[PDB]
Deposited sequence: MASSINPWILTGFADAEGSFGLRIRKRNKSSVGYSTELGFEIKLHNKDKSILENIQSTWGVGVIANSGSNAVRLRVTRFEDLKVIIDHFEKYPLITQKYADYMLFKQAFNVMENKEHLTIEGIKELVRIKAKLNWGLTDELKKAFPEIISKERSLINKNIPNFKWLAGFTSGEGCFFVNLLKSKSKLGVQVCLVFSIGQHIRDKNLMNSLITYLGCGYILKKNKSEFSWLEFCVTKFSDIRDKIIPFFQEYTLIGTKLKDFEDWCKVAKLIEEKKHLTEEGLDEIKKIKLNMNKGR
């Protein structure tokens, strides 16, 4: 099936990844071969998404990545042109746009065949220094003067509604929390959450204004730390979160979790979450959602 290009870019801002390998090769005029790529790796349940992206782009190969994960990967230089042209017409907006543009600069370097020269390889490693995790130890030793790993901030309003639908199909979670309450029954609470590394702190705050609800929580795990955009006021969920993703449909297995999420929402609108059979019906919905189903 075909996939909307804004939903695609949004999804890519979530799970996508750009790569540039500068590997030592003795039989290389320049001493290094170079590989460019874009891949999306997901659990094997959502391999359907990967088939639609591939069918829409007409490029890339779907292959297993371990027992439980699958990847669509584009490495063939001619096929990267299709990637590039897509993201030029539907640019991303996360700090990953910086990597994409480094990805694209490398492509231009190669398109002019400058990767077959001492100076070209030199520019590619300088491009690579700012890409994702920067240069490897071998590459640092070989190019001990290429040191500037600093990068520029990306700031972009949400460009289209379908972007968020795609992005949320990546980083979102529609949760039904059951908390112990002083009562005959157990409180039921719908919680919508989207996490992101703090480089995109500003985009996370954008969602409050873009959606008209929610708050940001800061979470930490030793040296690592992320930001979560949450929505726990039922008002906002009944009127804002749910209607939006109903107008701009999600894709992949998260749609099912969403559709179950709204099933519980209806019950909580009918006040049946305070009844016996109510907490029984919702309880069963939670049980078959997310982990499970």
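Peer 1: Mind pulling out the bits of the deposited sequence that never got modelled, as residue ranges from 1?
Peer 2: Missing from the model are residues 1-2, 188.
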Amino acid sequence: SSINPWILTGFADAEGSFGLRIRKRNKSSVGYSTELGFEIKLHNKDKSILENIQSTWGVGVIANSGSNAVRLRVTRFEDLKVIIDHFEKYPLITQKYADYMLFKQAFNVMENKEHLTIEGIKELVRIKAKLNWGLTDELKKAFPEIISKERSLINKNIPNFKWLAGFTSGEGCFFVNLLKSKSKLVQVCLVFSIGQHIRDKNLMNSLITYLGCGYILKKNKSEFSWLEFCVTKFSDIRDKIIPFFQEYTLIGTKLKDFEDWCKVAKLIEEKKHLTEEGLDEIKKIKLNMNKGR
From here on, numbers count along this sequence of modelled residues.
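Peer 1: Which is higher on mean Cα B factor in this entry, 196-204 or 143-151?
Peer 2: Between 196-204 and 143-151, it is 143-151 that shows the higher mean C-alpha B-factor.
Peer 1: Given the B-factors recorded for C-alpha atoms, which segment has the greater mean, 7-15 or 270-278?
Peer 2: In the deposited entry, the stretch with the higher C-alpha B-factor mean is 270-278.
Peer 1: Of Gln95, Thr209, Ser181, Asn160, which one's C-alpha B factor is largest in the deposited record?
Peer 2: Out of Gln95, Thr209, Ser181, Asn160, the record gives the largest C-alpha B-factor to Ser181.
Peer 1: How does the C-alpha B factor of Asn112 compare with the rest of the chain: lowest, middle or highest third?
Peer 2: Middle third - that is where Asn112 ends up once the chain's C-alpha B-factors are sorted.
Peer 1: Thinking about Cα B factors across the chain, which third does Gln246 belong to?
Peer 2: Its C-alpha B-factor belongs to the lowest third of this chain's values.
Peer 1: Which third, lowest, middle or highest, does the C-alpha temperature factor of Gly66 belong to within its own chain?
Peer 2: It falls in the top third of the chain.
Peer 1: What third of the chain does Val30 rank in for C-alpha temperature factor, lowest, middle or highest?
Peer 2: For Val30, the deposited C-alpha B-factor lands in the highest third.
Peer 1: Which third of the chain does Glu138 land in by C-alpha B-factor: lowest, middle or highest?
Peer 2: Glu138: CA B-factor falls in the highest third of its chain.
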